[PDB]
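Everything below concerns the one structure shown next.
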Amino acid sequence: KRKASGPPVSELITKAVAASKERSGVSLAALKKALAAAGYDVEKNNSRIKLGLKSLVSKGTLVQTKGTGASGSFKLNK
DNA sequence: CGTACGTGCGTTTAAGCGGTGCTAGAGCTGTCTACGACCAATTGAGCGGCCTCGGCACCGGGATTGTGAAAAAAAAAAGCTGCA
Ligand SMILES: [Ca+2]
Ligand SMILES: [Ca+2]
């Protein structure tokens, strides 16, 4: 009955947190802190989270509404 | 990407061919009467009509089923640890 709680951590989650936010939103900075809130402070995972972007359009998971140079305002169904 | 098929060879097999010999049975002919058309009178089954009353179509409201997204929780690739 204590503090730590958070995510399931991959493309099951990049699709779940982007959908677990009630509405649309920007960048690596929104998605990672929702994914690292439990206590696992970000170390080497920084390249691993970063990679997910081409992996999502190539495998067809999130369309990006906004964003250019490692920024991406990712969408699901409206 | 792996191998199931096609091609082409030499070897083996029995189909095909002609002939003979045998006789089952196909198919023809004649006779004869059981059987089915045809008939008229008889009459009852099944037709149209007509009435009724319970099954079922439709409704509303509740219980149940099944799908799908998220959130959590087991379970394996991706990183490294000193040992030996
Ligand atoms: Ca005859
Ligand atoms: Ca009737």
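The numbers used for chain A are those of Swiss-Prot, and the residues that appear cover 33-110, in sequence.
How was it done? The header gives X-ray crystallography, 3.2 Å.
Here the Cβ of each residue, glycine as well, is placed from N, Cα and C on the backbone.
According to Swiss-Prot, the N6-(beta-hydroxybutyryl)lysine annotation covers A:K35, A:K47, A:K53, A:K65, A:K76, A:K86, A:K91, A:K107. Positions annotated as domain 'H15' by Swiss-Prot, on the basis of sequence analysis: A:37-110. Under the heading citrulline, Swiss-Prot lists A:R55. Among the features that Swiss-Prot reports, phosphoserine is placed at A:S105, with the record citing similarity to another entry.
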Ask   = For A:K47 (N6-(beta-hydroxybutyryl)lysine), which residues in the same chain are close in space, meaning a Cβ under 8 Å from its Cβ, but six or more apart along the sequence?
value = A:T93, A:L94, A:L108
Task = Taking only the Cα atoms, work out how far A:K65 (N6-(beta-hydroxybutyryl)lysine) lies from A:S105 (phosphoserine), in Å, as a whole number.
result = 15
Task = Pop the Cα-Cα gap between A:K107 (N6-(beta-hydroxybutyryl)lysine) and A:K91 (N6-(beta-hydroxybutyryl)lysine) into the table, whole Å please.
result = 15
Other CB atoms within 10 A, centred on A:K35 (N6-(beta-hydroxybutyryl)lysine) = 6
Remark   = Of A:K35, A:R55, A:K76, A:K86, the modified residues lying within 10 angstroms (C-alpha) of A:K107 (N6-(beta-hydroxybutyryl)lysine) are A:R55
Remark   = A:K76 (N6-(beta-hydroxybutyryl)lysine) and A:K86 (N6-(beta-hydroxybutyryl)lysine), compared by Cα position, are separated in whole Å by 19
Message = Is it possible to get the count of other C-beta atoms within 10 angstroms of the C-beta of A:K65 (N6-(beta-hydroxybutyryl)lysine)?
response = 12
Query = For the modified residues listed here (A:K53, A:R55), which one has the lowest count of neighbouring CB atoms within 10 Å of its own CB?
reply = A:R55
Ask   = Out of A:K86, A:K91, A:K107, which has the highest number of nearby Cβ atoms, where nearby means within 10 Å of its Cβ, if these are the modified residues?
value = A:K107
Task = May I ask which residues of the same chain, at least 6 positions away in sequence, place their Cβ under 8 angstroms from the Cβ of A:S105 (phosphoserine)?
result = A:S56, A:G57, A:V58, A:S59, A:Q96, A:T97, A:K98, A:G99
Query = A:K35 (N6-(beta-hydroxybutyryl)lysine): which of the modified residues A:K53, A:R55, A:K86 is the nearest Cα neighbour?
reply = A:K53
Key: Whole-number Å value for how far A:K86 (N6-(beta-hydroxybutyryl)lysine) lies from A:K53 (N6-(beta-hydroxybutyryl)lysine) (Cα to Cα)   = 21
Message = What whole-number Å value do you get for the CA-CA distance of A:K86 (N6-(beta-hydroxybutyryl)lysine) and A:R55 (citrulline)?
response = 22
